[PDB]
């Protein structure tokens, strides 16, 4: 069995890369550990940068998004009994962000790949990578008992934080940068109209709260929660009461509550690995880096890694410029670090940290007051929020 580019993982990174590649004539096979239904069960992201919206268009998978996605020109930050709106469009020079669930984006890509007839092997068990530094690397996996081999020219590791690809690089070739936060986010998806037409990030003494949405009749809410929490300890009613306690009274008053469709706790973490490649293996997305959700950069950084890898692969196959692939890590890391910095800043100013001295609390509050009250401060938030520009390459 042979292909040009083997892709490990059928989450958004792998699917987007596979779609872009197929449309350009570069054959690729995707190997996924889980089933289509399992992948489709993950809620995750809701906010997309303009760059990701354009990439979906280029992959030709934007029909439903153009119809159903909601374009947001602003976002609100509530703290110390006040709500401040950041006009993203005005402050960033016209850019906006789009709210369209990750589940939906993934569904669109999966349907698109099926229709084109490209290869996808679900339940590909025990994937192993071989001869990464050779001129002919290969992947082995098991499908219903028998171990099969897939030969390829390159391998794109799009297998997330727990994937096999990053584990396949000699640990000594990698530099790991990581920070673990002492809290997680308890998220709740409900078939109820959102409390606002724009997102509301709230810094409240009891902890962080976020009011988001999926459509005009579907909402997604989050509350900061200690790591010791178990989801079974949080009934829907406990969640609504807690969420209400963290929001401005005028917002809590018109909040329409309802039974949860999904409820889960996600731990917050920052993680970056340098470099993002090894021989003929290139890491993309969560496989190479994790950002806390606060800045809504995770799926968006995955999109930029993919945009970059795809364009370099194109140069390699169409133009015989295989040497440009060595620049992959350098190009992606510039964007990754600025997004990590922004996600880290958002996290530190919106959440309540354990054992914080009086000085730090006051500085936290002053950061908000300064950045939300200065035209220059607002612009730094806005340009980072809508997403910094992708680098062009070469």
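Residue numbers count along the first chain shown, from 1.
- Judged by mean Cα B factor in the deposited record, 227-235 ranks above the other of 227-235 and 109-117.
- When the two stretches 168-176 and 92-100 are set side by side, the higher mean Cα temperature factor goes to 168-176.
- Sorting 29, 45, 66, 349 by the CA temperature factor given in the entry leaves 66 at the top.
- The PDB entry assigns its highest CA temperature factor, among 49, 357, 367, 340, to 357.
- In this PDB entry, the Cα temperature factor of residue 187 sits in the bottom third of its chain's modelled residues, the lowest group.
- Ranked against the other modelled residues of its chain, the C-alpha B-factor of residue 332 as given in the entry falls in the lowest third.
- In the deposited entry, the Cα temperature factor of residue 159 places it in the lowest third of its chain's modelled residues.
- Split the chain's modelled residues into thirds by C-alpha temperature factor. Residue 82 is in the highest one.
- Annotation for residue 10: CA B-factor lies in the middle third of the chain's modelled residues.
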